[PDB]
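What follows is one chain in structure tokens, specifically the form deposited in one PDB entry.
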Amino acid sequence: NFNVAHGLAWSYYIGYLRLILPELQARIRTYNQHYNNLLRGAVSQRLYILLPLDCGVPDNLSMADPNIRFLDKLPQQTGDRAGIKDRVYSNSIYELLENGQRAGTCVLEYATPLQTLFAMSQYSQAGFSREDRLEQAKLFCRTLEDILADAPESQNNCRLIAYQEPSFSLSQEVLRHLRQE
């Protein structure tokens, strides 16, 4: 069942990343210059993409870690897509707390196809076991990294954060990637 995660990764590139990454720096600059609080640190460049290998993808990031707190939305990106006039692509900005204080600010989200792998393992008609789910999650991330390595749209625009939970700190995991830049 190689083909499942392979297709989901290509889908994620074709239907999302290649569309939004080219416009993301401009959107962040606009946020930083026009909407961001005058007294706060700039939003980091780059979309940070969370890849939990157990495909546990909560809708609310504050569920996964208290130290990750919603700050604001970027300006919306819209475009006609497959018969939908002005389909909306939206991204959320988070503050990352270290010792009750802001250590970082970045555009952050989960790779939503990992939600599909999770659900497919829960639905009997999908014919996809829980054991194949880790293997698929890993294959998804490899394929995605292979794609972005060749992608002209990835111009230091994008950072993948793969992780496994065995207390694990997600905010620390993100701060580690954020400080490397």
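Quick note: we count residues from 1 along the sequence shown, nothing fancier. The term rigid core refers to the most C-alpha atoms you can superpose between the two forms while keeping them within 1.5 Å.
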query	finding
Coordinates absent for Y35 in a third or more of other entries	yes
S11 dropped in a third or more of the other entries	no
Unresolved deposited residues in the interval that joins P166 and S167	4 to 9
Average Cα temperature factor in the PDB entry - higher stretch of 100-108, 86-94	100-108
Selected stretch [higher average CA B-factor]: 114-122 or 152-160	152-160
Third of the chain's Cα B-factor distribution that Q172 belongs to, per the entry	highest
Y35 CA temperature factor, ranked by third within the chain	highest
Where the record places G127 (Cα B-factor, split into thirds across the chain)	middle
B-factor third for the C-alpha atom of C141 within its chain	lowest
Where the record places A5 (Cα B-factor, split into thirds across the chain)	lowest
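Another form exists, deposited in another entry; not displayed. Remarks below refer to it.
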query	finding
Rigid core superposed: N60 CA moves 2 Å or more between this form and the one not shown	no
C-alpha of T112 off by 2 Å or more between this form and the one not shown on rigid core	no
Core-superposed C-alpha of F70 shifting 2 Å or more between this form and the one not shown	no
Pairwise C-alpha change, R102 versus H34, in that other deposited form against this form - closer or farther, 3 angstroms or more	closer
Cα separation of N67 and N37 in that other deposited form versus here, shift of 3 Å or more	farther
